[PDB]
Every structure is written in C-alpha cells, then in structure tokens.
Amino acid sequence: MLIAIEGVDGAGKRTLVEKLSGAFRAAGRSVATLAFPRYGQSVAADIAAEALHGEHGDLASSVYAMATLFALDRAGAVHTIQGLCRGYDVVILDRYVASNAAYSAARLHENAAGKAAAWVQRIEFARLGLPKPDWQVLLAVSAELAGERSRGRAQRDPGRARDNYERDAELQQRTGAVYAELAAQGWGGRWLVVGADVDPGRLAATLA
C-alpha cells in the first residue's frame, strides 16, 4: 500500500509520518518511508530548495520551474518507489505529487480545479508515470499555528531558516485552502483529512 502524507509547512507531517510508521509496525506489517524532496539524492531537489533559499538567479520566480524540479526529483524516484511497494507492506511518503498541485496552485491564486493542479496531474501521474497513492492524508492545521512551528523551527536550529514559501504566510493560507479542495474531490486517489490530535493507532487502522 502507498500512503502519502500531505499538508502545509510546519503542519507536523514529519512527526505524523513517525507516529504512523510505528503504529503499523505494531501490526506485523513492515513499513517504509521516503520524504520528498529527496535532498542529497536529487540534484533537482537540491537546486529547488537552494533556489527557495535565494539562489540560482530567477529560478524560484517561476512557479512551473519549481514544480518541474519537484517532479523531476520524483521521476528519478519511480523505480525506487515501486521497489518499496513490492518489498514492504506499507510505504509512507512525507509529501508527494499532491504537494506540487497545492503549492503551484496557491502560488498562482488558483483553486484545486485550476490549471496548475491539472498540469501536475498530466505530467506526474500520466507522463512520468508516478504511482498514485492508495491514500493521501491531509494533516490539516490552521495556517497561523502552522506558521508558528515553521518560525520556531528556524529559530531553534542554527544552520536553518524558513524559505520563500514558509515566509509567505498568504501563500501558506491559500495552499491550506487548495489542499482542502483537493481532498474533497479526492485528487489523485482517496483522501483522509485528519488533525493534530489524530490518533495514530486508529488512523493506521483506517489505512487498510
């Protein structure tokens, strides 16, 4: 089974991916994880973030370029994903294709039914042939509270800092909104909108 955890920055995905990765393990089913972007493994992923940190000329100023880099990263991750799906019983992804739709759409003040989202559908699932997730958990958390975790995170870590997207609050809010629309319409597969107080034990029982 292929599960993808989605949500704005500082929402708690990394951790949910941890508490859920353990909930399934307490069930005999082997679990595997992979987080996107694949920093260090994908040059495109690295170039994308460094750009989000102010590098590589006018790169980040192009919504579609930034989207392409995150697609090209995953593209190089197709055999790997499939392998994981074959080997392990469960595979959890910290961010997946839905992220490109949510952020790209939000950057263009478009809604889930917009062109950017449709564009991500066409390039990633259809064209790059990236497997669609059996499940997409939208860890929904207010844009204000989520921003607080992003700010605290940058403050608690010396070699760290929010990027162009995390500094843009209105972007975070619109992405939250689009994430909500995508889940309602079950974009790329079925969605489950949980919360911070979601019980991993059950959530994992739901993911069958």
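If you superpose the two forms and keep the largest set of C-alpha atoms that fall within 1.5 Å, you have the rigid core. Note that residue numbering follows the sequence shown and begins at 1.
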{"item": "Outlying stretch relative to shown form, 30 to 38 versus 46 to 54 in 8 other deposited structures of this protein, C-alpha RMS (core)", "value": "46 to 54"}
{"item": "Other compared entries missing residue 170, a third or more", "value": "no"}
{"item": "Other compared entries missing residue 61, a third or more", "value": "no"}
{"item": "Mean temperature factor over C-alpha atoms, higher-scoring stretch between 122 to 130 and 79 to 87", "value": "79 to 87"}
{"item": "Selected stretch [higher average CA B-factor]: 178 to 186 or 142 to 150", "value": "142 to 150"}
{"item": "Top residue by Cα temperature factor, when 48, 31, 63, 35 are compared in the entry", "value": "31"}
{"item": "Most elevated Cα B-factor in the entry, residues 161, 59, 169, 44", "value": "161"}
